[PDB]
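Q: Provided herewith is a single structure, encoded as structure tokens, for subsequent inquiry.
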Amino acid sequence: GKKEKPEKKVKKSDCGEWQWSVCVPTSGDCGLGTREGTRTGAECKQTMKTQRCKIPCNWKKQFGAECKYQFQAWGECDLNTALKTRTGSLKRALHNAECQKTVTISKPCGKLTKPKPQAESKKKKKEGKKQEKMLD
């Protein structure tokens, strides 16, 4: 940013601090799990935020271990197309650790615009039981 100097405003006489719940990995052929944390404002208001965790999926970024694999680069990430490609090749195959002989992979080097500061959004995203209406 060109603005700089962030850090939101804070008020003394807080109500409670961020309480974090345990992330639900979800599970389901590699599904995105989420964690929910909530806090009360200084004037005691229900504040909440949800985070997305990581799910251990089969076949990770480990194209080798006891086996031998080399990644080569015919070119560096292409910003013009916002794409990146890399080639790999088997250097040695073991008796109980075999590898593919070559791999070619292309992954978008760029990304779509993903805002960091989320708006208030729909507070009715999840159905909740608001006690005594609003106190009246």
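Numbering starts fresh at 1 for the residues of each chain in the structure tokens, the chains themselves are lettered A, B, ... in the order given, and ligands are numbered from 1 as they appear.
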Against segment 56-66 of chain A, which residues of segment 73-135 of chain A fall within 9 Å? For each one I want the closest pair of atoms and the distance in Å (one decimal), counting only C-alpha atoms, rows by chain and increasing residue number, as CSV.
A:
```
residue,atom,partner,partner_atom,distance
A:88,CA,A:63,CA,8.9
A:94,CA,A:66,CA,7.9
A:97,CA,A:66,CA,6.8
A:99,CA,A:64,CA,7.8
```
Q: Set the distance at 9 Å and use only C-alpha atoms: which residues neighbour segment 8-19 of chain A once local chain neighbours fewer than 3 positions away are removed? I'd like the list as a PyMOL selection string.
A: chain A and resi 36-45+47-48
Q: Using C-alpha atoms, can you export the residues from the last selection as a PDB file, in the first residue's frame?
A:
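Listing of again.pdb after writing:
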```pdb
ATOM      1  CA  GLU A  36     -14.100 -19.868  14.310  1.00  0.00           C
ATOM      2  CA  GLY A  37     -12.943 -17.362  16.862  1.00  0.00           C
ATOM      3  CA  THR A  38     -15.070 -14.846  18.695  1.00  0.00           C
ATOM      4  CA  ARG A  39     -14.552 -11.869  20.987  1.00  0.00           C
ATOM      5  CA  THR A  40     -16.547  -9.153  22.632  1.00  0.00           C
ATOM      6  CA  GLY A  41     -15.977  -5.471  22.004  1.00  0.00           C
ATOM      7  CA  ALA A  42     -15.170  -2.976  24.732  1.00  0.00           C
ATOM      8  CA  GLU A  43     -18.853  -2.254  25.059  1.00  0.00           C
ATOM      9  CA  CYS A  44     -19.493  -6.016  25.074  1.00  0.00           C
ATOM     10  CA  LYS A  45     -20.636  -6.909  21.548  1.00  0.00           C
ATOM     11  CA  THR A  47     -17.648 -10.199  17.407  1.00  0.00           C
ATOM     12  CA  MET A  48     -16.586 -13.204  15.354  1.00  0.00           C
TER      13      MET A  48
END
```
Q: Show me, as an mmCIF file with N, CA, C and O atoms, in the first residue's frame, the residues that have an atom within 12 Å of segment 90-92 of chain A when counting only C-alpha atoms, minus same-chain residues fewer than 6 positions from it.
A:
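Listed below is the output, around.cif:
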```
data_model
loop_
_atom_site.group_PDB
_atom_site.id
_atom_site.type_symbol
_atom_site.label_atom_id
_atom_site.label_comp_id
_atom_site.auth_asym_id
_atom_site.auth_seq_id
_atom_site.Cartn_x
_atom_site.Cartn_y
_atom_site.Cartn_z
ATOM 1 N N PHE A 63 7.977 -34.622 -4.544
ATOM 2 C CA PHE A 63 8.135 -35.518 -5.671
ATOM 3 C C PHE A 63 9.297 -36.486 -5.467
ATOM 4 O O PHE A 63 9.755 -37.132 -6.410
ATOM 5 N N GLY A 64 9.751 -36.594 -4.241
ATOM 6 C CA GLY A 64 10.852 -37.473 -3.945
ATOM 7 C C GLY A 64 11.195 -37.507 -2.473
ATOM 8 O O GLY A 64 10.771 -36.637 -1.702
ATOM 9 N N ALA A 65 11.959 -38.515 -2.092
ATOM 10 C CA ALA A 65 12.410 -38.702 -0.721
ATOM 11 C C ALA A 65 13.681 -39.541 -0.733
ATOM 12 O O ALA A 65 14.783 -39.009 -0.641
ATOM 13 N N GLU A 66 13.522 -40.854 -0.869
ATOM 14 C CA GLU A 66 14.670 -41.746 -1.030
ATOM 15 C C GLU A 66 14.976 -41.874 -2.509
ATOM 16 O O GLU A 66 16.077 -42.245 -2.915
ATOM 17 N N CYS A 67 13.966 -41.562 -3.302
ATOM 18 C CA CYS A 67 14.065 -41.545 -4.746
ATOM 19 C C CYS A 67 14.816 -40.277 -5.165
ATOM 20 O O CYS A 67 15.171 -39.462 -4.309
ATOM 21 N N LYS A 68 15.038 -40.081 -6.452
ATOM 22 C CA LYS A 68 15.781 -38.915 -6.893
ATOM 23 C C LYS A 68 15.069 -38.235 -8.036
ATOM 24 O O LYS A 68 14.764 -38.861 -9.057
ATOM 25 N N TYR A 69 14.816 -36.952 -7.873
ATOM 26 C CA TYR A 69 14.093 -36.184 -8.855
ATOM 27 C C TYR A 69 14.703 -34.798 -8.975
ATOM 28 O O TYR A 69 15.110 -34.211 -7.973
ATOM 29 N N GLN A 70 14.773 -34.278 -10.183
ATOM 30 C CA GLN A 70 15.330 -32.952 -10.403
ATOM 31 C C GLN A 70 14.328 -32.069 -11.113
ATOM 32 O O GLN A 70 13.699 -32.493 -12.087
ATOM 33 N N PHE A 71 14.169 -30.849 -10.627
ATOM 34 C CA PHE A 71 13.302 -29.886 -11.266
ATOM 35 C C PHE A 71 14.132 -28.975 -12.155
ATOM 36 O O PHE A 71 15.174 -28.466 -11.733
ATOM 37 N N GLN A 72 13.693 -28.789 -13.369
ATOM 38 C CA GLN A 72 14.394 -27.938 -14.301
ATOM 39 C C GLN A 72 13.524 -26.746 -14.657
ATOM 40 O O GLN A 72 12.301 -26.772 -14.462
ATOM 41 N N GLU A 98 10.044 -46.161 -6.466
ATOM 42 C CA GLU A 98 10.042 -45.878 -7.885
ATOM 43 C C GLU A 98 9.400 -44.537 -8.161
ATOM 44 O O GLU A 98 8.540 -44.084 -7.404
ATOM 45 N N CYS A 99 9.805 -43.916 -9.244
ATOM 46 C CA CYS A 99 9.304 -42.613 -9.590
ATOM 47 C C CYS A 99 8.938 -42.521 -11.057
ATOM 48 O O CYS A 99 9.384 -43.323 -11.881
ATOM 49 N N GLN A 100 8.056 -41.597 -11.345
ATOM 50 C CA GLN A 100 7.765 -41.225 -12.712
ATOM 51 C C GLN A 100 9.023 -40.623 -13.326
ATOM 52 O O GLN A 100 9.822 -40.009 -12.628
ATOM 53 N N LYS A 101 9.189 -40.781 -14.624
ATOM 54 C CA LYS A 101 10.407 -40.369 -15.273
ATOM 55 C C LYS A 101 10.414 -38.886 -15.567
ATOM 56 O O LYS A 101 11.466 -38.258 -15.556
ATOM 57 N N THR A 102 9.251 -38.318 -15.826
ATOM 58 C CA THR A 102 9.193 -36.897 -16.052
ATOM 59 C C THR A 102 7.816 -36.316 -15.753
ATOM 60 O O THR A 102 6.779 -36.973 -15.913
ATOM 61 N N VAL A 103 7.841 -35.079 -15.318
ATOM 62 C CA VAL A 103 6.630 -34.334 -15.021
ATOM 63 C C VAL A 103 6.665 -32.950 -15.585
ATOM 64 O O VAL A 103 7.709 -32.298 -15.632
ATOM 65 N N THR A 104 5.530 -32.526 -16.033
ATOM 66 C CA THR A 104 5.353 -31.207 -16.522
ATOM 67 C C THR A 104 4.159 -30.605 -15.814
ATOM 68 O O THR A 104 3.096 -31.228 -15.716
#
```
Q: Considering only strand (DSSP E or B) as DSSP defines it on the backbone, what residues of segment 21-136 of chain A qualify? List them as number ranges by chain.
A: A: 24, 34-40, 46-52, 68-72, 78, 83-92, 102-108
Q: Do you have, as a tab-separated table, the list of residues of segment 21-79 of chain A lying at most 9 Å from segment 109-117 of chain A, each with its nearest atom pair and that distance in Å to one decimal, counting only C-alpha atoms and ordered by chain then number?
A:
```
residue	atom	partner	partner_atom	distance
A:77	CA	A:109	CA	6.3
A:78	CA	A:109	CA	7.3
A:79	CA	A:110	CA	7.1
```
Q: Nearest to residue 107 of chain A among A:119, A:83, A:93, A:22, with distances taken over only C-alpha atoms: which residue is it?
A: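 Selected residue with least distance to residue 107 of chain A: A:83.
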Q: With only C-alpha atoms as the basis for distance, which of A:46, A:131, A:27, A:106 is at the shortest distance from residue 75 of chain A?
A: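 That would be A:106, the residue with the smallest distance to residue 75 of chain A.
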Q: Enter the distance from atom CA of residue 23 of chain A to atom CA of residue 52 of chain A, in Å, rounded to one decimal.
A: 8.4 Å
Q: Find the distance between atom CA of residue 122 of chain A and atom CA of residue 25 of chain A and write it in Å to one decimal.
A: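 Computing it gives 24.4 Å between the two atoms.
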Q: Find the distance between atom CA of residue 7 of chain A and atom CA of residue 34 of chain A and write it in Å to one decimal.
A: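 Straight-line distance from atom CA of residue 7 of chain A to atom CA of residue 34 of chain A works out to 25.5 Å.
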